[PDB]
Each structure stands twice: as C-alpha cells, then as structure tokens.
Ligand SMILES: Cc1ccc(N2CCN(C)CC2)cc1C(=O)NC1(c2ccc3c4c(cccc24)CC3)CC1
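Next up: just one chain, as structure tokens, the form deposited without the ligand.
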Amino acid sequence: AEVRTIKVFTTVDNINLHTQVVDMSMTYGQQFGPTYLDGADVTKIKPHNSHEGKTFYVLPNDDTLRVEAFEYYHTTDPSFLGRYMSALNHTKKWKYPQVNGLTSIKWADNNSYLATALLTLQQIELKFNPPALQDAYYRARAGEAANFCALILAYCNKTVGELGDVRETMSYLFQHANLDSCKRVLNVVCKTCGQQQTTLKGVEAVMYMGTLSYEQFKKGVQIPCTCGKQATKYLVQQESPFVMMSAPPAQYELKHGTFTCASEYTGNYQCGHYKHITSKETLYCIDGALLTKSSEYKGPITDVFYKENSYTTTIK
C-alpha cells in the first residue's frame, strides 16, 4: 500500500509551531491525541490534502508544549485547551457589533452575561497577565472577540449555553489581571465589641458583595457581629482605578454621572437575562446588539462599577 504524508504544524498557543509529518492513512487522534482545527475537533478525521501547511491545536502532551501552554495561558488544568477549543467552535460564529463605540455580542447561546462582562471591561482600567488574555482582549477591542469570549468560558469552567453570573465571571478575569497596587482599608464598629480595621489587597480590594451603592459603603453598611449586634462596616481608604459593588438583584435607580456602568439581571436563580447600562452623555442600555437610551434608569441591578483613584474617609 502506497504511504502518503503531508506536513502540518501543531501548537498550543497558535504562535510557537511544531513541524509534523502525518500519515494520511491514520486519524489525527492516532498521531497526536485530541486535535483541533480552528476549534473544530478533527481527532477522528484523517488528514485532507487541503490540510497541508495548516496549524492544529493539540493538548500539552510533551514538556515543551506543557511550558508553552503554561506561559501563554497561566493554567495547567488538563482539560483547558479542549474546553477553549469547544467554546471557540461556537464563539467564532457569534457576531460582535460595535454598539455606542464598544464591542458587544449579538445574542446567541445564552451569552448575555458575556456581553455585559465584555462591555464592562472596555470601560475600566485593567491589564491582563496571561499573554492569551492580553492578545485576545486586544483583538476583542478591535471587534474580533471570538477568542476572548472562548477564553472567558474556559477560564470560568463554563460551557457555551451554561447559566453564568457576572460577578463570578469578573472575579475569574480579575484573578488573571494585575491588581497588585489595589488597596482597601475597612473599619467595622460594634457598639459592644469596639472597632476593627481590615486591609484588603488585589481582587478583594476592588470587589464588594452586599450593596450596589459606593456612597452607602463610604457612610456605612450594617452587618452582623459575632456578638449578635448589628455592626457598621465602612470604607476608610481606597487605592484602585475602579470599584465593583455587587448585590442580589433588586430594583435600583441608576443616576446619570454617578457611576461608570452596571449589570441588570431579570429572572430567577435558574433562568434569566442580563443587560448592560453605561453612563455617558446619557444612560445607554446595551442588550447584545440592541441599544436604547433614557435620562433615568430603574431595574433589577446586580453590579455597579465606579471610577476611583484615591479615597480617604472624613469619618473619625
């Protein structure tokens, strides 16, 4: 029997290429293990003539690829590249319209949480650490967001179509961002126990769960003390370029000029839809490809983002 071969390249990062000679009588899987062509699983396919010179993603299956994959993605999760490829096979088919000057996502595959996450990132100062996210985010800002959205799904361990939470999604992305300079000082005052200051750094310095209002967080929020009293927690010092205030969805009034952007969630714990609100010359509501405007906004808000640089309390 006549042996036929083609040259292809394998990769884990789509930058560093590895020359391979493949036998056209054997599947990609038999030669490389799980193999993907621009997100499509070709593990059970035999090489085509049209494949010559093309790049295939493989799993990090030797030491060189293990190092290349960690350096690019900053993960050693064995299932990561397969999850990234499985997502990309869908996100490459999504549309990414420019809405009010931002890259959004046309609704598909239950992706509203990703649209509001993507819109938010374009309005806050954030630098990613993994080259994969740096490279994909640059492309997303330019309007080609398929790789970025597939990476969000992979980093968050979410599949296409799965219910997502914006706060959790932002937590994962912030873990892979340089927030090392961010600092928060809180004071908690109990009329029985006295006062306790806490310092938070990095992601914990920019995220708070319990109120949407940055102003209320400065004045004080009531929380339980271990003694059984209500204590007051308030912000003493903030050093960060933004803050994110989150809460269970509740009817909330957004006032033009008092916040950067916000997420709205309509539905229940099992099922629902996110929209994005941005405060510009007026209030714009971006719902995937859809855009409306209003002077006032009230709805079931879950996350609000605010601009910051340096804040020090006047509370003694």
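For every residue, the number given is its place in the sequence shown, counted from 1.
The same protein also has a form solved in complex with the ligand, omitted here; what follows describes it.
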If you drop the ligand in as it sits in the deposited bound form, superposing on the site C-alphas, does this form leave room, or do 3+ ligand atoms land within 2.4 Å of backbone or C-beta atoms? open
Could you spot which one of 274, 284, 36, 32 gets a heavy atom to within 4.5 Å of the ligand in the deposited bound form? 274
Out of the stretches listed (142-150, 241-249, 117-125, 96-104), which one is close to the ligand in the deposited bound form, meaning heavy atoms within 4.5 Å? 241-249
Taking heavy atoms only, is residue 302 within 4.5 angstroms of the ligand in the deposited bound form? yes
Contact with the ligand in the deposited bound form for residue 265, defined as at least one heavy atom pair within 4.5 Å: yes or no? yes
Mark residue 165 yes when one of its heavy atoms lies within 4.5 Å of a heavy atom of the ligand in the deposited bound form, and no otherwise. yes
